[PDB]
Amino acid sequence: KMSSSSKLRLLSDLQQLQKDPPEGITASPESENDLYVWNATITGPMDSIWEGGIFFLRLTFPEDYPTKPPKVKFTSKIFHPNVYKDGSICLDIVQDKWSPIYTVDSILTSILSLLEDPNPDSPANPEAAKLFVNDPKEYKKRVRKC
């Protein structure tokens, strides 16, 4: 019931992605039996300080999706103003400002945007937020040697 509608919605999101796959992103569920676990990658955008870097994500969708957002974690360590120690992200689109008409594509696009411009307000990683502004060269070194 709850899980029937969430499975149908994830399949609808999958249909959207395959018809018009977004650039900079890869993403696919673990399997049909594990449709609620997706793995994704995002590549650092051109003209960003993360340009060309590759970053690895897992999205774990709840059974009442899309009433609630997936849990989103970076599964490879990252040094980023908007990512907590355990890899969880700080992004209002998938937290307090979640909308039930957002899709997997919405989510991946919004995560990619954190590599276009980090959010400096109330950062999850304050050292990363300060270093990003104060010393971009050293910030790049910390990203690489994480």
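So that there is no doubt, residue numbering starts at 1 and follows the sequence shown.
Engineer: Using the B-factors recorded in the PDB entry, average over the C-alpha atoms of 88-96 and of 44-52, then report which stretch comes out higher.
Structural biologist: Of 44-52 and 88-96, the stretch with the higher C-alpha B-factor average is 44-52.
Engineer: Take the C-alpha B-factors listed in the entry for 109-117 and for 55-63, compute each mean, and give the stretch with the larger one.
Structural biologist: So the stretch with the higher mean C-alpha B-factor is 109-117.
Engineer: Using only the C-alpha B-factors in the record, can you name which of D20, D13, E127, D135 has the highest?
Structural biologist: Of the options given, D20 has the highest CA B-factor in the PDB entry.
Engineer: Pull the Cα B-factor of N39 out of the PDB entry and bin it into the chain's lowest, middle or highest third.
Structural biologist: It falls in the bottom third of the chain.
Engineer: Could you look up the Cα B-factor of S31 in the entry and say which third of the chain it sits in: lowest, middle or highest?
Structural biologist: Tercile = middle for this residue's CA B-factor.
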